[PDB]
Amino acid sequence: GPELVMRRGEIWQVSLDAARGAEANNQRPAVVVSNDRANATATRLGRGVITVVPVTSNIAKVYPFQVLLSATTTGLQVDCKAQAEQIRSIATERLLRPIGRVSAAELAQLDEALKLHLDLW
């Protein structure tokens, strides 16, 4: 049917609202990193969570578990960096608006960053 369509690697603005401590809070872009079967399921079941990697414009010092996302490739306003150490499963109701998608190269390094952060090698 007309279920929400959503693909790994897409950049969506999401509402993380009420967070504690150093958690990414408020509103920010985030990269979808859950696989696409789960992504379709979370919209047909409508009882769904998807997993995303939040993004910040405070680039500063970049760590090997973070990926630089260029404003030109992604449709973002400014350059940003995906923080694999902020990975979070979100209810689909936190999805606000699609912004774009990362490049294949960016997504591949994001996989590397996730494997480094979660020790999955």
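Residues carry their position along the shown sequence, with the first being 1.
Quick check: 43-51 versus 24-32, which has the larger average CA B-factor in the record?
According to the entry, 43-51 carries the higher average C-alpha B-factor.
Which wins on mean Cα temperature factor, 112-120 or 1-9?
If you average the C-alpha B-factors of 112-120 and of 1-9, the larger mean comes out for 1-9.
Going by the deposited entry, which of 70, 89, 83, 57 has the highest CA temperature factor?
Comparing C-alpha B-factors across 70, 89, 83, 57, the top value belongs to 70.
Please work out which residue in 14, 19, 105, 99 has the highest C-alpha B-factor recorded for this crystal structure.
19 has the highest C-alpha B-factor of those listed.
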